[PDB]
Amino acid sequence: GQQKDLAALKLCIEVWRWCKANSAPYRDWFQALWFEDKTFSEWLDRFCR
Amino acid sequence: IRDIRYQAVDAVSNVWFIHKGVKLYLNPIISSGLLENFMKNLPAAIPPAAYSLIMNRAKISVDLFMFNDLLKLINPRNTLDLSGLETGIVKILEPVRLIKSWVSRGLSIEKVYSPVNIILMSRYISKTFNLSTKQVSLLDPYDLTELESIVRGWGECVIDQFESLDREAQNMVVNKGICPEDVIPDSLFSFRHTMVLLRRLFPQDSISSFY
Amino acid sequence: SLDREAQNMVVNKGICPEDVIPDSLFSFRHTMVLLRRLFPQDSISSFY
Amino acid sequence: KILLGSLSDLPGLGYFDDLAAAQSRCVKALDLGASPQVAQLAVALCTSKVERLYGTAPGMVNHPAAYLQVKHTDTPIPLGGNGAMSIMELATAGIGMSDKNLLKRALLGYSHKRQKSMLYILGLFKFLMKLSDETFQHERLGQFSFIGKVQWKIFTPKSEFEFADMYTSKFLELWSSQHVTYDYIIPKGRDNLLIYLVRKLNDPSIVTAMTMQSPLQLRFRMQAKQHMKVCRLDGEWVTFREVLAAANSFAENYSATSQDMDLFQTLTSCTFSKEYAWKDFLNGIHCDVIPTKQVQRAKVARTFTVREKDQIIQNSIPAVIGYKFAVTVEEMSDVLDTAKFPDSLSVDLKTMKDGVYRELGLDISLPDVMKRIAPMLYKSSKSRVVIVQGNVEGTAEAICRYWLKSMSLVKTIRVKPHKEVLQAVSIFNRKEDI
Amino acid sequence: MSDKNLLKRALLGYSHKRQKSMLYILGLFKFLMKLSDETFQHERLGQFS
Amino acid sequence: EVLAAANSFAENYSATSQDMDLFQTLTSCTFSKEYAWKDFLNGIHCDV
Amino acid sequence: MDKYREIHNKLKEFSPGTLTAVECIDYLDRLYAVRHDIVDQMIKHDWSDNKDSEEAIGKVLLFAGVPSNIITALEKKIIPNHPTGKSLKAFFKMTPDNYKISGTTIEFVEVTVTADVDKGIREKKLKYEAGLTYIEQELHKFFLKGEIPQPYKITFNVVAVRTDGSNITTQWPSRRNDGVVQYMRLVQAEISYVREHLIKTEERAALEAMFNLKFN
Amino acid sequence: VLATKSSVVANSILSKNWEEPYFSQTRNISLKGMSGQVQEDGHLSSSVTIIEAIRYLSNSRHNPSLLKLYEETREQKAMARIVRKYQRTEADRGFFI
């Protein structure tokens, strides 16, 4: 579980950083991309929690 | 940071991109497992159909036009209303040329077609669903992509020779019974997925099926 | 009351008649193939 | 001729490949009539030369013990390994049999008691497999057998050959992934055959063979001697020390998995070809010196076959594998043309699946499962000719026994288990019984 | 626990080398299981293992 | 008779992958946290 | 005929998508054989020639009074126009589908059922008419030399009927077109059912490859 | 001597499989040396069997058989050359390509 959480956090970090470098729809992508069984926005909410 | 699993990334809704006024559709990139290559400027291989879908995404493919012609041949006035056209830190400055560098020919997943099953399923779709209600231009690109994928190549096998195929289909269906849930138009067809996609794209009043 | 509830459920939002599960020991495929075989139907009407 | 040509030529494909080539051609020299002692001396000399060239031997930078918490003998051959095996095992068992024995011992140690030194070897093997599953899948098909290996750089331009730069590397990789049936059968139509030939041309082994007597090969030797970036760790060029460090890091934090255990057993389990159990044959053998003067007889050439084909499968294993993997119409036509008994292909596939399910919990119905397990189950059926002295019968057991009696240059040697101790065994053993 | 140790030793012996004296113990255990799977299943639940 | 039947069944028994998995299930760890007494006693030493 | 009844009985008990490719292929072969047989039977009853078993060309000539000695002598000759250089003995061995003898005139007809009428017609022509015309010249030379009192006349007619039987009446203005076209429509529907529906979806490519190799 | 073995001789000749595609066999896509085409300077180019096979496959529209390939290239003049670098392959025996 910790390994999956770490991988999800790292992948979210990478996609966020790439969207930061260029001009990309941060939130729209985060509501679109999917990892395992939890979407990116829900991953963000879980990381906050 | 290392050990980033770009291959596990999946997309549910549209993933758009803008660059100097150029609009891009990144869903084929994500579904093909090439998000890392696009991000980090790495070479990859994509079929020309994927390139056309990524670059434009606003012009329907020739497969949808051929399917519309097939539906017109089967039963006019129930065809899709077509109004579109045919066919750590890394910084990207030429995404268009980057994608064009991936384009090549021969890497297409051709499927085994069934000439009679295609026409049978096309007519089942024509009668069951009313396709002249919602404009296809305003349809969701994500669902239009999947419809084009599941209908790809149907026209190329039936428009050139139709009357003989239609007569054979009538001969096959009139003499002995055919259940319209076992007809397999091609090797990459799923009845459940196609029907749920068509239900969601074209709503039907469920009262008629239950009352 | 049950018929009125069914009408209320089906008229407001769409119901696909292939996901309705009457009981825990029901299979749509088997029931429909059994009913097709027992009661033949002219397949021309579903295709023409 | 082979003994003296074993030295000058450098395959330059890496430590494992150079060692395998030297050992295999020493085995060939033994086949042509070399005494086992001279073959052993040549094996030792070539192993020393390759170890010094790659720095594997204890005393210099590339020694595995300085970067791995595992014994030098227990390190996998693709990493810093000890290629000082007996010529008997090399000739009889194979070339990559050391890795198979190491993996078998590691799995045996993991059972009974759960230690960490053996799970370390399991993690090293998993790291090797992860490195291997980043290149063409047909490389594991054919050639020397291996669980996994480290890929080394090719220090020659691709523009030397005219048609190499026709299809891009990513094109070839995706075509190979899409068309997996062509790993086992040769395409017939020009559309697929041209891509097959272009992929064949870019094969590192074939490229080196084509550039074998060229000055360009000194580049790789000088890079390896200077300990520069020659290996791969992910998408970047890395030095061998970096590969060793990454292997240690991956193995120290590796957790065993039931599916991983099943796949390791798949590697350890029997083969699709009838193979003689050379390990227990040599372990249980005994030789006795008989005081009889040596008699020099004539020389006769006999066919020493070590891997046969099960008679129950009417078609060749590559044909059945390609038929299962074929999804396009033209792939089906090609596999039907190659197969001698097209009507029995379905029966052979069904028996193959039944045998796999009987011996293993793995089901070959899923394309991924069969794709991963096919190269580790099917091995080539190459035949060899071995020069023997007297009345040696044309069987593998007889050739092996002759080699055992030939260890002593002067003394006559008698083998105590004079009975037939053949172990011709395959995956399909109880199919007729069931 | 004696039966468990015997079964563990039999499986360990079956690996490495495929003898017959250990597969004999495996067959004895399978015969015992076949005899056991002819009565109430809750008998194995609880009590001695 | 039970002993004879056991001998007859065991002399003609063929190992199976699923049977191996179930035997390992018996041999494997438990759902309850259990102390490994076997290796504890094997590796123990007592001094007077 | 009864063969169609047996085929229908065997195939109404098979659920869709449960036939192996080889089973589909041999069922299709049986169905094409049945179609060829029913067309042979319509021509049989049209000509009222109860020749149930096909007879060899040599046997047909024997029924026409041709002496055996000249046939044996001609067996040693070779066809110069044969694409494969087959001997006259093998060409005499083969049996045409039907034949008729009317005095000194013998009519040979080969019938095929296919969509490509021209291709089948030309294939049957290149298979039959070369040897038939060579035999015609041989018998004409024998008549000129005086070994037969009356010369023989040979006629070859090939008729191909499309799978739908649209032009069957044009080529064969028979009284029995309706029943035959109904039966052949039934067998065509059976063939379509076997090829397109009953085949397992995981072996459709295998069926396509086997069909291409066997028939194309 | 050969007249008493006519059947087996015919079987052996027919078993050579003259109808298979020429470039699908291993022997025609090997690494054995083969002369290429005449270059601009007028010197024949030393090449490999696999490269020449790829060249013909690229120029042609199909994979011909042995007889078909001979018929297509019947008018082509035979050319030969001495290898640039000797041997270069374990299967390379001789001094001419």
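Everything that follows concerns the structure shown earlier in this document.
Residues numbered from 1 in each chain as written, not as in the entry; some residues may be left out. Chains lettered and ligands numbered in written order. Part of a larger assembly, values for the part shown. Heavy atoms only, no water.

Visitor: Can you help me understand the overall build of chain H in this one?
Guide: Each helix and strand counted, chain H has 3 helices and 2 strands in total. Ordered by position from N to C terminus, the α and β elements of chain H give α-β-β-α-α. Relative to the 2.2 N^0.38 estimate, which gives 13 Å for 97 residues, the radius of gyration of chain H is 17 Å and therefore markedly larger than a compact globule would have. Principal axes of the C-alpha set define a box for chain H whose edges measure 55 × 30 × 25 Å. The proportion of buried residues among the 97 residues of chain H is 33%. Taking all contacts inside chain H whose residues are at least 6 apart in sequence as the whole, residues at least 24 apart take part in 46%. As presented, chain H carries roughly 7,300 Å² of accessible surface, and 55% of it is formed by carbon and sulfur atoms. The distance from the centre of the 14 positive side-chain charges to the centre of the 10 negative ones in chain H is 6 Å. (Helix = DSSP H or I, 4+ residues; strand = E, 2+ residues; numbered from the N terminus. Rg over C-alpha atoms; globule rule 2.2 N^0.38 Å. Buried < 20%, exposed > 50% of the residue type's maximum accessible area, 1.4 Å probe, protein only. Contact = heavy atoms within 4.5 Å. Areas by Shrake-Rupley, 256 points an atom, 1.4 Å probe, with all protein chains shown as cover. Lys, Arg positive; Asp, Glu negative; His and termini not counted. Charge placed at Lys NZ, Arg CZ, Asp CG, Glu CD.)

Visitor: Would you mind going over the interface of chain D and chain F with me for this structure?
Guide: Accessible area lost during the coming together of the parts is what is often quoted as the interface size. Listed by partner, the interface residues are 7 residues for chain D and 6 residues for chain F. Counting the surface lost from both chain D and chain F, the interface buries some 500 Å², and carbon and sulfur atoms represent 35% of this. Here chain D is connected to chain F by 0 salt bridges. Inspection of the chain D/chain F interface yields 3 residue pairs in polar contact. The residue inventory of the side of chain D that touches chain F, partitioned by class, reads 2 nonpolar, 1 polar and 4 charged. (Buried area = accessible area lost by both parts, 1.4 Å probe. Salt bridge = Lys/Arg side-chain N within 4 Å of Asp/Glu carboxyl O. Polar contact = N/O pair within 3.5 Å; in protein donor to acceptor, adjacent residues only side chain to side chain. Nonpolar A, V, L, I, M, F, W, Y, C, P; charged D, E, K, R; others polar.)

Visitor: What's the story with the arrangement of the chains in this structure? I'm lost.
Guide: The assembly contains 9 pairs of chains in contact; the pair sharing the most contacts is chains A and B. At the level of C-alpha atoms, the two units chain B and chain E stay apart, their nearest approach being 36 Å. One thing to see here is that chain B and chain F don't touch, and their nearest C-alpha atoms sit 31 Å from each other.

Visitor: Is there a simple way to explain the sheet that holds strand β2 (residues 105–113) of chain G in this structure?
Guide: Paired through backbone hydrogen bonds, the strands of a sheet run either parallel or antiparallel to each other. Residues and elements named next belong to chain G. In spatial order, the strands read β1-β2-β3; together these 3 strands make up an open sheet with mixed pairing. Pairing within the sheet leaves two strands with one partner each, and these edge strands are β1 (98–102) and β3 (153–161). Ignoring which end each strand starts from, the neighbouring axes of this sheet average 20 degrees apart. On top of the sheet, helix α6 (residues 117–145) reaches β2 and β3; it is set at about 170 degrees to β3, its chief contact. (Pairing = 2+ DSSP bridges. Axes fitted to C-alpha atoms, helices over the stretch in contact; angles between N-to-C directions.)

Visitor: Looking at this structure, how should I read the interface of chain B and chain A?
Guide: Listed by partner, the interface residues are 27 residues for chain B and 18 residues for chain A. When chain B packs against chain A, close to 1,900 Å² is buried across both sides, 68% of that on carbon and sulfur atoms. When the buried area of chain B at its contact with chain A is split by residue, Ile-1, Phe-17 and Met-39 of chain B rank highest and sum to 23% of it. In this assembly, chain B and chain A are joined by 0 salt bridges. Our count for the chain B to chain A interface comes out at 7 residue pairs in polar contact. Looking at the side of chain B that touches chain A, the elements that each hand over two or more residues are β1 (10–11), β2 (16–19) and α2 (35–40) of chain B.

Visitor: Mind showing me how you'd approach the pairing of strand β2 (residues 44–48) of chain H here?
Guide: On a regular strand, one side chain projects to one face of the sheet and the next to the other, so that they alternate. Residue and element names in this part refer to chain H. With 4 of its 5 residues buried, β2 lies for the most part within the structure. In the sheet, strand β1 (residues 33–38) pairs with β2 via 4 bridges, with the strands oriented antiparallel. Bridging from a neighbouring strand, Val-38 pairs with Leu-44 of β2. Connecting β1 to the antiparallel partner β2 that follows it, the hairpin turn spans 5 residues, and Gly-42 within it adopts a positive phi of roughly 95 degrees.

Visitor: Help me understand a negative patch on the surface, please; the structure alone is not making it clear to me.
Guide: On the surface, a cluster of negative charge is made up of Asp-3 of chain B together with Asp-133, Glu-134, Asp-234, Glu-236 and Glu-242 of chain D. Note that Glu-242 of chain D resides in helix α11 (residues 240–252). (Patch = residues over 30% accessible without salt bridge, like charges linked within 9 Å, V, L, I, M, F, W, Y side chains within 5 Å.)

Visitor: What should I look at first to understand the packing of helix α4 (residues 62–74) of chain B against helix α6 (residues 115–128) of chain B in this one?
Guide: Each pair of packed helices can be summarised by the angle the axes make with each other and by the distance between the axes. All names here are of chain B. For the pair α4 and α6, the least separation of the axes is 10 Å and the interaxial angle reads 75 degrees. Comparing their axes, α6 and α4 come out roughly perpendicular. Every residue of α6 that contacts α4 at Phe-67, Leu-70, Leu-71 and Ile-74 is listed here: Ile-118, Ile-119, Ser-122, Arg-123 and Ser-126. Taken together, the residues of the contact of α4 with α6 break down into 6 nonpolar, 2 polar and 1 charged. (Parallel < 35°, antiparallel > 145°, perpendicular 65-115°, else oblique.)

Visitor: Is there a simple way to explain the packing of aromatic side chains in this structure?
Guide: Think of a pair of aromatic rings as described by two things: how far the centres are apart, and how the planes are tilted against each other in angle. Counted under the stated rule, the structure contains 36 aromatic pairs over all chains. Consider the rings of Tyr-35 of chain F and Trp-37 of chain F, whose centres lie 5.5 Å apart with planes at 70 degrees: the pair is edge-to-face. The class of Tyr-35 of chain F is exposed, set by a relative accessible area of 62%. In this structure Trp-37 of chain F comes out as exposed when scored by relative accessible area, which is 53%. When the ring centre of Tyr-110 of chain D is taken as reference, the NZ or CZ atom of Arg-114 of chain D above it lies at 4.4 Å. One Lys or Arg, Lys-149 of chain D, reaches over the ring of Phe-146 of chain D and ends 5.7 Å from the middle of that ring. (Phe/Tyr/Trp six-rings, centres within 6.5 Å; stacked < 30°, edge-to-face > 60°. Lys NZ or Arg CZ within 6 Å of the ring centre and 35° of its normal.)

Visitor: So what exactly am I meant to see when it comes to a nonpolar patch on the surface here?
Guide: Residues and elements named next belong to chain H. Side chains of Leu-2, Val-8, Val-9, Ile-13, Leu-14, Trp-18, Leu-66 and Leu-67 sit close together on the surface and give an oily, nonpolar patch of about 760 Å² of accessible area. Mapped onto the nonpolar patch, the elements with two or more residues apiece are α1 (6–14) and α3 (66–72). Counting residues per element, the nonpolar patch draws most heavily on α1, which supplies 4 residues. Within the element layout of this structure, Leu-14 appears in helix α1. Assessed through its relative accessible area of 66%, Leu-14 is described here as exposed.

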